[PDB]
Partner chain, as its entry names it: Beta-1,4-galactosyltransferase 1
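Given as structure tokens, the chain that follows is alone and in the form solved without the partner chain.
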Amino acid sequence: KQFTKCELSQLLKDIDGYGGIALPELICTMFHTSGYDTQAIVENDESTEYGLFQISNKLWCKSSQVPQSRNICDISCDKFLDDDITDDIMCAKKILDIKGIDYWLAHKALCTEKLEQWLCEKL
């Protein structure tokens, strides 16, 4: 499923401030990383990242590609490729707790300016 900005804003409203991250910053982050697509798959050399939150099999979920993964979110990675982002959010919260926003942004200055652009203005 490909969400719109305003759709995700409604779904994610309650996570605003979690780990000290503002909603617009998170929406910005998701745009850059998955384009708001629940089915996004990015394959790297030694790991794959899945879904809206681009959750990696290296540490976070169980996949046959990386048998030794710690599987911190205690879930099969296929769960991050469906249309229900509930479990995705559960795992993203763990990521925010442990790694923070730099899991996604890697210490780059992305999503630091004009954050109001990421708000839903339509309703």
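Numbering follows the first chain given and starts at 1.
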request  = With reference to the PDB entry, specify whether the mean Cα temperature factor is higher for 20 to 28 or for 5 to 13.
outcome  = 5 to 13
key: Which of 73 to 81 and 37 to 45 has higher mean CA B factor, as the PDB entry lists it   = 37 to 45
inquiry  = So if I compare the CA B-factors in the entry for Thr86, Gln68, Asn57, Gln54, which one is the largest?
reply    = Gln68
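Separately, the form deposited with the partner chain bound exists; it is not shown, and the next lines address it.
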key: Close approach of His32 to the partner chain in the deposited complex, 4.5 Å, heavy atom   = yes
inquiry  = Although the partner isn't part of this model, could you tell me whether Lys13 comes within 4.5 Å of the partner chain in the deposited complex, counting any heavy atom of the residue?
reply    = no
task = Classify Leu110 as contacting or not contacting the partner chain in the deposited complex by the rule of any non-hydrogen atom within 4.5 angstroms, answering yes or no.
result = yes
message = At 4.5 Å between heavy atoms, is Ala22 in contact with the partner chain in the deposited complex?
response = no
query = Taking the partner chain in the deposited complex, which residues of 49 to 86 have any heavy atom within 4.5 Å of it?
reply = none
